[PDB]
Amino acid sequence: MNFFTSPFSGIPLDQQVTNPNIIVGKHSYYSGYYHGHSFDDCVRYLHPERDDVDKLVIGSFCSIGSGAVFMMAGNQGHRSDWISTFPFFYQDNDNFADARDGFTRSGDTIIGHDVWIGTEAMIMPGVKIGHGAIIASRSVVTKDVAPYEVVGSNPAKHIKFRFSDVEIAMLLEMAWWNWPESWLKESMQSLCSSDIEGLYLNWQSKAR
């Protein structure tokens, strides 16, 4: 059947994540009706018992679309630089006895705060995505994405920045995702507008 009761249903990640190697912030939600499973099965090949593997970290206030894929397990035992990509070490067969372990880690996959990931996007092992970034639907993200950068395609590539450099710097500095709730609640209208600078000047006089 289905983890989700409605197409329009978006459940917070911190109510469906079971894998100790997945670390999630508040409010970030996964919208998964079209692919059936909860968030855990978005995160592929991530051993939940091992402390020595690439981990997945997701900030707060993320929007994650249906069927998005986060690839873990690094090269999954396959070494293209070796004579064979075939994972002899992992096929239990008396003849593959002296095989070396091909498994190479790629680094953690870190998703910043306020990231919107489109439906069926695929994030490759070890990539870092900056706060406020947008990943177009069906993207295959193979390298790091800068804060507030919009990328898309396969492999994914620069489309544009959401805002000026000044505004990006103002956002990274004010880190509204970390405000007291009180402040957050007060600022809902500004957050639903394009007035980065007015929000910034305001925060400045309250906070500095």
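Residue indices: 1-based, along the sequence shown.
Engineer: Give the stretch, out of 92-100 and 115-123, with the larger mean C-alpha temperature factor in the deposited entry.
Structural biologist: Per the PDB record, 92-100.
Engineer: Looking at the entry's B-factor column for C-alpha atoms only, identify whether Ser63 ranks in the lowest, middle or highest third of its chain.
Structural biologist: It belongs to the lowest third of the chain when residues are ordered by C-alpha B-factor.
Engineer: Quick check for you: using the entry's CA B-factors within this chain, is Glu173 in the lowest, middle or highest third?
Structural biologist: CA B-factor rank for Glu173: lowest third.
Engineer: Should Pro155 be placed in the lowest, middle or highest third of its chain by the C-alpha B factor in the entry?
Structural biologist: Within its chain, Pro155 is a middle-third residue by C-alpha B-factor, going by the deposited values.
Engineer: Give the position of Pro147 by CA B-factor within its chain, expressed as the lowest, middle or highest third.
Structural biologist: Lowest third - that is where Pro147 ends up once the chain's C-alpha B-factors are sorted.
Engineer: Could you say whether, by C-alpha temperature factor, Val57 belongs to the lowest, middle or highest third of its chain?
Structural biologist: Within its chain, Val57 is a middle-third residue by C-alpha B-factor, going by the deposited values.
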